[PDB]
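Peer 1: I am sharing target_27.cif, which consists of mmCIF, C-alpha atoms:
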```cif
data_work
#
loop_
_atom_site.group_PDB
_atom_site.id
_atom_site.type_symbol
_atom_site.label_atom_id
_atom_site.label_comp_id
_atom_site.auth_asym_id
_atom_site.auth_seq_id
_atom_site.Cartn_x
_atom_site.Cartn_y
_atom_site.Cartn_z
ATOM 1 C CA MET A 1 0.000 0.000 0.000
ATOM 2 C CA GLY A 2 0.947 3.670 -0.117
ATOM 3 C CA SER A 3 0.119 7.070 1.355
ATOM 4 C CA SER A 4 -1.218 10.336 -0.067
ATOM 5 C CA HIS A 5 -0.946 13.953 1.075
ATOM 6 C CA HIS A 6 -2.508 17.403 0.695
ATOM 7 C CA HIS A 7 -2.444 21.041 1.807
ATOM 8 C CA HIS A 8 -4.686 23.963 2.760
ATOM 9 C CA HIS A 9 -4.932 27.727 2.263
ATOM 10 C CA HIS A 10 -6.218 30.732 4.210
ATOM 11 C CA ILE A 11 -8.886 33.356 3.528
ATOM 12 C CA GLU A 12 -8.231 37.035 2.824
ATOM 13 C CA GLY A 13 -10.390 40.132 3.201
ATOM 14 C CA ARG A 14 -9.016 41.906 6.264
ATOM 15 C CA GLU A 15 -11.742 44.336 7.327
ATOM 16 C CA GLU A 16 -10.909 47.970 8.084
ATOM 17 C CA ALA A 17 -11.537 50.077 11.190
ATOM 18 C CA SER A 18 -14.166 52.786 11.652
ATOM 19 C CA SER A 19 -14.167 56.161 13.406
ATOM 20 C CA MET A 20 -16.636 57.969 15.667
ATOM 21 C CA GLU A 21 -20.059 59.120 14.471
ATOM 22 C CA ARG A 22 -18.594 62.255 12.895
ATOM 23 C CA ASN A 23 -20.046 61.522 9.456
ATOM 24 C CA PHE A 24 -23.584 61.431 10.852
ATOM 25 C CA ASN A 25 -26.227 61.916 8.158
ATOM 26 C CA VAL A 26 -30.003 61.462 8.077
ATOM 27 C CA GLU A 27 -29.806 60.728 4.352
ATOM 28 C CA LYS A 28 -28.333 57.358 5.324
ATOM 29 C CA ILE A 29 -31.379 56.161 7.262
ATOM 30 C CA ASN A 30 -33.690 57.997 4.862
ATOM 31 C CA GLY A 31 -35.164 55.270 2.678
ATOM 32 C CA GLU A 32 -36.234 51.794 3.766
ATOM 33 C CA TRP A 33 -35.452 49.183 6.418
ATOM 34 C CA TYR A 34 -36.071 45.560 7.396
ATOM 35 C CA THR A 35 -37.278 43.695 10.482
ATOM 36 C CA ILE A 36 -34.660 41.705 12.389
ATOM 37 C CA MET A 37 -36.038 40.785 15.812
ATOM 38 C CA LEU A 38 -38.916 41.816 18.076
ATOM 39 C CA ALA A 39 -38.485 42.316 21.821
ATOM 40 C CA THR A 40 -40.676 43.620 24.644
ATOM 41 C CA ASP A 41 -41.420 43.114 28.338
ATOM 42 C CA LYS A 42 -44.823 41.844 27.207
ATOM 43 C CA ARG A 43 -44.071 38.890 24.930
ATOM 44 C CA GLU A 44 -47.799 38.141 25.037
ATOM 45 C CA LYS A 45 -48.423 41.417 23.205
ATOM 46 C CA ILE A 46 -46.049 40.466 20.390
ATOM 47 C CA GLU A 47 -47.423 36.924 20.187
ATOM 48 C CA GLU A 48 -48.692 35.313 16.983
ATOM 49 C CA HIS A 49 -52.292 35.890 18.072
ATOM 50 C CA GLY A 50 -51.680 39.450 19.225
ATOM 51 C CA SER A 51 -52.038 42.882 17.641
ATOM 52 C CA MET A 52 -48.884 44.579 18.922
ATOM 53 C CA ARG A 53 -46.483 42.956 16.459
ATOM 54 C CA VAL A 54 -46.585 45.833 13.972
ATOM 55 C CA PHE A 55 -43.372 46.666 12.117
ATOM 56 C CA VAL A 56 -42.286 49.468 9.785
ATOM 57 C CA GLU A 57 -41.513 48.741 6.133
ATOM 58 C CA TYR A 58 -39.859 52.068 5.320
ATOM 59 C CA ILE A 59 -38.747 55.261 7.060
ATOM 60 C CA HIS A 60 -39.183 58.766 5.646
ATOM 61 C CA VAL A 61 -37.527 61.970 6.859
ATOM 62 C CA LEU A 62 -39.515 65.209 6.718
ATOM 63 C CA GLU A 63 -38.482 68.842 7.169
ATOM 64 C CA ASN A 64 -39.798 68.960 10.736
ATOM 65 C CA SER A 65 -40.781 65.342 11.392
ATOM 66 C CA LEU A 66 -40.417 61.720 10.291
ATOM 67 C CA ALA A 67 -42.964 59.675 8.343
ATOM 68 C CA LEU A 68 -43.368 55.931 8.878
ATOM 69 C CA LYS A 69 -45.446 53.008 7.608
ATOM 70 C CA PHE A 70 -46.239 50.010 9.810
ATOM 71 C CA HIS A 71 -48.230 46.868 9.013
ATOM 72 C CA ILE A 72 -50.476 44.473 10.934
ATOM 73 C CA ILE A 73 -51.713 40.902 10.518
ATOM 74 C CA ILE A 74 -55.400 41.133 9.620
ATOM 75 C CA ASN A 75 -57.394 38.097 8.491
ATOM 76 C CA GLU A 76 -54.194 36.187 7.731
ATOM 77 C CA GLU A 77 -53.067 39.065 5.513
ATOM 78 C CA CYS A 78 -50.710 42.044 5.699
ATOM 79 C CA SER A 79 -51.984 45.603 6.132
ATOM 80 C CA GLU A 80 -50.892 49.198 5.543
ATOM 81 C CA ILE A 81 -50.704 51.914 8.199
ATOM 82 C CA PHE A 82 -49.511 55.517 7.939
ATOM 83 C CA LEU A 83 -48.479 57.905 10.716
ATOM 84 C CA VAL A 84 -46.208 60.852 11.508
ATOM 85 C CA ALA A 85 -44.133 61.618 14.600
ATOM 86 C CA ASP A 86 -43.832 65.302 15.498
ATOM 87 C CA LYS A 87 -40.764 66.563 17.360
ATOM 88 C CA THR A 88 -41.122 67.675 20.981
ATOM 89 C CA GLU A 89 -39.651 70.464 23.106
ATOM 90 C CA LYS A 90 -36.587 68.237 23.460
ATOM 91 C CA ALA A 91 -34.561 67.009 20.484
ATOM 92 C CA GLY A 92 -34.216 63.266 19.986
ATOM 93 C CA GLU A 93 -37.685 62.449 21.295
ATOM 94 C CA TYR A 94 -40.523 61.960 18.811
ATOM 95 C CA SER A 95 -44.225 61.565 19.592
ATOM 96 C CA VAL A 96 -46.808 59.950 17.313
ATOM 97 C CA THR A 97 -50.452 58.882 17.510
ATOM 98 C CA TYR A 98 -51.230 55.161 17.372
ATOM 99 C CA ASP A 99 -53.905 53.418 19.436
ATOM 100 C CA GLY A 100 -53.300 56.027 22.120
ATOM 101 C CA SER A 101 -50.033 57.655 23.160
ATOM 102 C CA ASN A 102 -46.586 56.759 21.822
ATOM 103 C CA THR A 103 -43.119 58.288 22.143
ATOM 104 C CA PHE A 104 -39.708 57.035 21.019
ATOM 105 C CA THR A 105 -36.131 58.325 21.074
ATOM 106 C CA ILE A 106 -32.773 57.642 19.426
ATOM 107 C CA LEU A 107 -30.386 56.133 21.976
ATOM 108 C CA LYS A 108 -28.173 54.164 19.590
ATOM 109 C CA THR A 109 -28.281 53.530 15.841
ATOM 110 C CA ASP A 110 -25.598 52.975 13.203
ATOM 111 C CA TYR A 111 -25.952 52.986 9.416
ATOM 112 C CA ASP A 112 -23.402 50.168 9.297
ATOM 113 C CA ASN A 113 -25.023 48.014 11.982
ATOM 114 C CA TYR A 114 -28.669 48.644 12.858
ATOM 115 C CA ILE A 115 -31.150 51.166 14.253
ATOM 116 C CA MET A 116 -32.733 50.823 17.694
ATOM 117 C CA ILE A 117 -36.009 52.462 18.718
ATOM 118 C CA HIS A 118 -37.504 52.395 22.215
ATOM 119 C CA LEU A 119 -41.272 52.779 21.860
ATOM 120 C CA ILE A 120 -43.461 52.942 24.965
ATOM 121 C CA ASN A 121 -47.212 52.367 24.718
ATOM 122 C CA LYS A 122 -49.953 52.810 27.318
ATOM 123 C CA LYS A 123 -53.430 51.296 27.631
ATOM 124 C CA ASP A 124 -55.917 50.408 30.368
ATOM 125 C CA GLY A 125 -53.733 52.182 32.910
ATOM 126 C CA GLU A 126 -50.995 49.735 31.943
ATOM 127 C CA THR A 127 -47.772 50.656 30.142
ATOM 128 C CA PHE A 128 -45.142 48.269 28.784
ATOM 129 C CA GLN A 129 -41.722 48.550 27.140
ATOM 130 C CA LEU A 130 -41.333 47.917 23.409
ATOM 131 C CA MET A 131 -38.199 47.622 21.275
ATOM 132 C CA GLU A 132 -37.645 47.711 17.513
ATOM 133 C CA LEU A 133 -34.504 46.667 15.638
ATOM 134 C CA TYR A 134 -33.887 47.116 11.913
ATOM 135 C CA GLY A 135 -30.939 46.315 9.667
ATOM 136 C CA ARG A 136 -29.798 46.864 6.088
ATOM 137 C CA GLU A 137 -30.688 43.208 5.536
ATOM 138 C CA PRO A 138 -33.528 40.922 6.703
ATOM 139 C CA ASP A 139 -30.914 38.860 8.542
ATOM 140 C CA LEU A 140 -28.064 40.143 10.712
ATOM 141 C CA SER A 141 -25.075 38.406 12.298
ATOM 142 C CA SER A 142 -25.918 36.067 15.176
ATOM 143 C CA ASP A 143 -23.680 38.288 17.303
ATOM 144 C CA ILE A 144 -25.899 41.285 16.558
ATOM 145 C CA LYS A 145 -28.726 39.635 18.495
ATOM 146 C CA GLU A 146 -26.659 39.708 21.688
ATOM 147 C CA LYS A 147 -25.229 43.129 20.832
ATOM 148 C CA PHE A 148 -28.652 44.780 20.642
ATOM 149 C CA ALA A 149 -29.998 42.519 23.386
ATOM 150 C CA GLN A 150 -27.648 44.210 25.853
ATOM 151 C CA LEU A 151 -29.870 47.291 25.662
ATOM 152 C CA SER A 152 -32.920 45.127 26.356
ATOM 153 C CA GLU A 153 -31.755 44.645 29.945
ATOM 154 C CA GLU A 154 -31.852 48.427 30.346
ATOM 155 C CA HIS A 155 -35.644 48.329 30.056
ATOM 156 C CA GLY A 156 -35.786 45.211 32.210
ATOM 157 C CA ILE A 157 -36.288 43.104 29.094
ATOM 158 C CA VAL A 158 -34.926 39.560 29.327
ATOM 159 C CA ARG A 159 -33.689 37.497 26.382
ATOM 160 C CA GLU A 160 -36.594 35.165 27.155
ATOM 161 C CA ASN A 161 -38.803 37.743 25.439
ATOM 162 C CA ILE A 162 -36.306 38.396 22.647
ATOM 163 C CA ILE A 163 -37.295 36.110 19.773
ATOM 164 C CA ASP A 164 -36.215 36.119 16.129
ATOM 165 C CA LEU A 165 -39.109 36.966 13.809
ATOM 166 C CA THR A 166 -37.133 35.367 10.979
ATOM 167 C CA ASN A 167 -39.190 32.198 11.425
ATOM 168 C CA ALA A 168 -42.390 34.214 11.833
ATOM 169 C CA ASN A 169 -44.728 36.486 9.875
ATOM 170 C CA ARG A 170 -42.472 38.667 7.726
ATOM 171 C CA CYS A 171 -44.925 40.220 5.267
ATOM 172 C CA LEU A 172 -41.861 41.378 3.332
ATOM 173 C CA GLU A 173 -43.716 40.366 0.169
ATOM 174 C CA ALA A 174 -46.435 42.974 0.694
ATOM 175 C CA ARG A 175 -44.030 45.888 1.126
ATOM 176 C CA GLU A 176 -42.389 47.513 -1.898
#
```
Represent the supplied structure as structure tokens.

Peer 2:
Amino acid sequence: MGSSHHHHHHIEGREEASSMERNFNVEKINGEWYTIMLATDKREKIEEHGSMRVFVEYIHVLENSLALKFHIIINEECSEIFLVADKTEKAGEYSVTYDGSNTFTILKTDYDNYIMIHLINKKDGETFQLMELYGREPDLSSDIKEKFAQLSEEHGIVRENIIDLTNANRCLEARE
């Protein structure tokens, strides 16, 4: 008998480093987005049989506000909702009407990673914490889940509530 041999090679593509958010620009976010994962202290509200699992399909920037378009599962079919968030006395915080009172703020969002949005809703004298994450693509790195999840703890949100909507209603076929 005899014996054979072989070899192996490496992979190139050394990524580069980035600087601080000095090149900030609204034009970057201005356009469209995609749903990555849904989190909230009330997982029952974002359930499959709930009505609080609405997600935006595209984000628009106005002169003195920001337009948005969310959808909702109605009769086993996607929907189309339109709303506008007007700026408040304080910059960064935006208020919009939707089934009552709603107000979000930009705490952390990168055009190279993803955009986080802390939305708080109130109803029946009961208010819960809601979170929304969007990325350039419908699927982000597995590490991103834990990266954005870190902020979830801030609102007392446990990973137990953080579930990937990838294997759930996407409705990405309705949007355009």

Peer 1: Could you tell me which residues the PyMOL selection byres ((chain A and resi 104) around 12) returns for this structure, as number ranges by chain?

Peer 2: A: 66, 85-88, 90-97, 101-103, 105-108, 116-121, 129-132

Peer 1: Residues as selected, C-alpha atoms, written as a short mmCIF file (atom, residue, chain, number, x, y, z; two decimals), in the coordinates of the input, can you do that?

Peer 2:
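Final output, out_8.cif:
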```cif
data_model
loop_
_atom_site.label_atom_id
_atom_site.label_comp_id
_atom_site.auth_asym_id
_atom_site.auth_seq_id
_atom_site.Cartn_x
_atom_site.Cartn_y
_atom_site.Cartn_z
CA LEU A 66 -40.42 61.72 10.29
CA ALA A 85 -44.13 61.62 14.60
CA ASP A 86 -43.83 65.30 15.50
CA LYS A 87 -40.76 66.56 17.36
CA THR A 88 -41.12 67.68 20.98
CA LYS A 90 -36.59 68.24 23.46
CA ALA A 91 -34.56 67.01 20.48
CA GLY A 92 -34.22 63.27 19.99
CA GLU A 93 -37.68 62.45 21.30
CA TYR A 94 -40.52 61.96 18.81
CA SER A 95 -44.22 61.56 19.59
CA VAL A 96 -46.81 59.95 17.31
CA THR A 97 -50.45 58.88 17.51
CA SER A 101 -50.03 57.66 23.16
CA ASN A 102 -46.59 56.76 21.82
CA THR A 103 -43.12 58.29 22.14
CA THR A 105 -36.13 58.32 21.07
CA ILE A 106 -32.77 57.64 19.43
CA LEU A 107 -30.39 56.13 21.98
CA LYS A 108 -28.17 54.16 19.59
CA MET A 116 -32.73 50.82 17.69
CA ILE A 117 -36.01 52.46 18.72
CA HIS A 118 -37.50 52.40 22.22
CA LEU A 119 -41.27 52.78 21.86
CA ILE A 120 -43.46 52.94 24.96
CA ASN A 121 -47.21 52.37 24.72
CA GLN A 129 -41.72 48.55 27.14
CA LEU A 130 -41.33 47.92 23.41
CA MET A 131 -38.20 47.62 21.28
CA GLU A 132 -37.65 47.71 17.51
#
```

Peer 1: So, with all atoms listed in the file as the atoms that count, which of A:146, A:63, A:137, A:47 lies closest to residue A:26?

Peer 2: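 Among the listed residues, the smallest separation from residue A:26 belongs to A:63.
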
Peer 1: Can you measure atom CA of residue A:149 to atom CA of residue A:83 for me? One decimal in Å is fine.

Peer 2: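 We find that atom CA of residue A:149 and atom CA of residue A:83 lie 27.2 Å from each other.
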
Peer 1: Calculated over only C-alpha atoms, which of the candidates A:61, A:157, A:171, A:72 has the smallest distance to residue A:84?

Peer 2: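 Under the stated criterion, the closest residue is A:61.
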
Peer 1: Counting all atoms listed in the file, find the residues whose atoms lie at most 10 Å from (-36.4, 55.7, 5.2) (file coordinates) and write them out as a short mmCIF file (atom, residue, chain, number, x, y, z; two decimals) with C-alpha atoms, in the coordinates of the input.

Peer 2:
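Contents of out-v5.cif, freshly written:
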```
data_model
loop_
_atom_site.label_atom_id
_atom_site.label_comp_id
_atom_site.auth_asym_id
_atom_site.auth_seq_id
_atom_site.Cartn_x
_atom_site.Cartn_y
_atom_site.Cartn_z
CA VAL A 26 -30.00 61.46 8.08
CA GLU A 27 -29.81 60.73 4.35
CA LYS A 28 -28.33 57.36 5.32
CA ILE A 29 -31.38 56.16 7.26
CA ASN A 30 -33.69 58.00 4.86
CA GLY A 31 -35.16 55.27 2.68
CA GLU A 32 -36.23 51.79 3.77
CA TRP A 33 -35.45 49.18 6.42
CA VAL A 56 -42.29 49.47 9.78
CA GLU A 57 -41.51 48.74 6.13
CA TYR A 58 -39.86 52.07 5.32
CA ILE A 59 -38.75 55.26 7.06
CA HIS A 60 -39.18 58.77 5.65
CA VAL A 61 -37.53 61.97 6.86
CA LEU A 66 -40.42 61.72 10.29
CA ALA A 67 -42.96 59.68 8.34
CA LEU A 68 -43.37 55.93 8.88
CA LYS A 69 -45.45 53.01 7.61
#
```

Peer 1: Can you tell me how far atom CA of residue A:162 sits from atom CA of residue A:109, in Å to one decimal?

Peer 2: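 Spanning atom CA of residue A:162 to atom CA of residue A:109 is a straight-line distance of 18.4 Å.
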
Peer 1: Just to confirm, what's the straight-line distance from atom CA of residue A:76 to atom CA of residue A:139 in Å (one decimal)?

Peer 2: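 One can read the atom CA of residue A:76 to atom CA of residue A:139 distance as 23.4 Å.
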
Peer 1: Mind checking which residues fall within 12 Å of residue A:73, counting all atoms listed in the file, ignoring those fewer than 6 positions away in the same chain, and posting them as number ranges by chain?

Peer 2: A: 46-55, 79-81, 168-171, 174
